[PDB]
């Protein structure tokens, strides 16, 4: 039984011959073509392996669809393994296919079929440049599928590769925001506690929450940390660290075109977020209800605060609108007068009516009487200005919300 060392034949001019194509826009090798850009029916996966042409198919639309179609699913099939080997044998080739507009779709197909063994090498390849892959419009789709399908220790290793990176620039990126959200919504909190430490800084939190994309990152993190079933307070301490920055900067965030949505989320949530709801109303909304109610963005925040606040805070909000402001020196107009005829404030006055109408069904008699007293104050001002309000769509809806009402 003499030994045989079988070295591989050097085929050093095969990429050179796969670079010949009919079209200059397509990469399909001419030998696989039918002349019309499609894959000739004589072609087999063994032909792609024999000619070392995996990249050139993967970078072509129809050749990549051919790869996705015929790739065996089972991990013990020999063609599966030889293709997987061609994919992963060179790290730079692998990462370039991940960043391609067409080849990424083959990489995802491999992940759909992968077992733990294949996932280890895929994870080792991806970790070497995870940050820039998250920024790429093609590769981020691979990273998100990897977060979904990988065993959690592998997905954790990859997620931890983002620690100490430029997470503002990544969180606000049109591609990377979805990678951060997929991590936060999918993986255990221990895999991304570094993201909560990053957002503890006020400047990072502000720069991210006031962004069309970053506000989604902050909101998905709050949703995950607030949903609970626990005996100690780990997610409690993490949530507390994040919410402190939101509460410290909620006056600016509530009036922002993007961050207003997460402030409303904190207020509508209740339960684990209820204490933070109360802080926002007391330290940001109060003393500012009139100005915020005339703003395009913050007027939605004031609506949800009237909708969801506990009675003790609804009372301070009500008392500010009816009694909190010095009437205008020229017009003698108070806050309710302004909001009744304002294009944004009319919506706040409508929530105030709805809140009071539903609060009349409250068990405590004093509360029911107090909600009725506020409705009577609104009814009176509306009557004094009905001749004008009935001409607007807002005033018609206000008058209809106050009809057939037994206040006490």
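Numbering follows the first chain given and starts at 1. The term rigid core refers to the most C-alpha atoms you can superpose between the two forms while keeping them within 1.5 Å.
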{"item": "Core-aligned Cα RMS comparison in 7 other deposited structures of this protein - stretch that moves more, 299 to 307 or 231 to 239", "value": "231 to 239"}
{"item": "Farther-lying stretch by C-alpha RMS in 7 other deposited structures of this protein, rigid core as reference, of 287 to 295 and 180 to 188", "value": "287 to 295"}
{"item": "Continuity check for residue 228 and residue 229, given as deposited residues lacking coordinates between them", "value": "1 to 3"}
{"item": "78 to 86 versus 311 to 319 - which carries the larger mean C-alpha B factor in the record", "value": "78 to 86"}
{"item": "Higher-B stretch (mean Cα B-factor, as the entry records it), 362 to 370 or 335 to 343", "value": "362 to 370"}
{"item": "Criterion, highest CA B-factor; candidates, 277, 182, 163, 235", "value": "235"}
{"item": "Out of 295, 201, 173, 303, highest CA B-factor residue", "value": "201"}
{"item": "Ranked C-alpha temperature factor of residue 188 among modelled chain residues, by third", "value": "middle"}
{"item": "Third assignment of residue 113 from its chain's C-alpha B-factors", "value": "highest"}
{"item": "Chain-wide C-alpha B factor ranking for residue 216, given as lowest, middle or highest third", "value": "middle"}
{"item": "Residue 291, C-alpha B-factor rank within chain (lowest, middle or highest third)", "value": "lowest"}
{"item": "Within-chain third of residue 405 by Cα B-factor, per the entry", "value": "highest"}
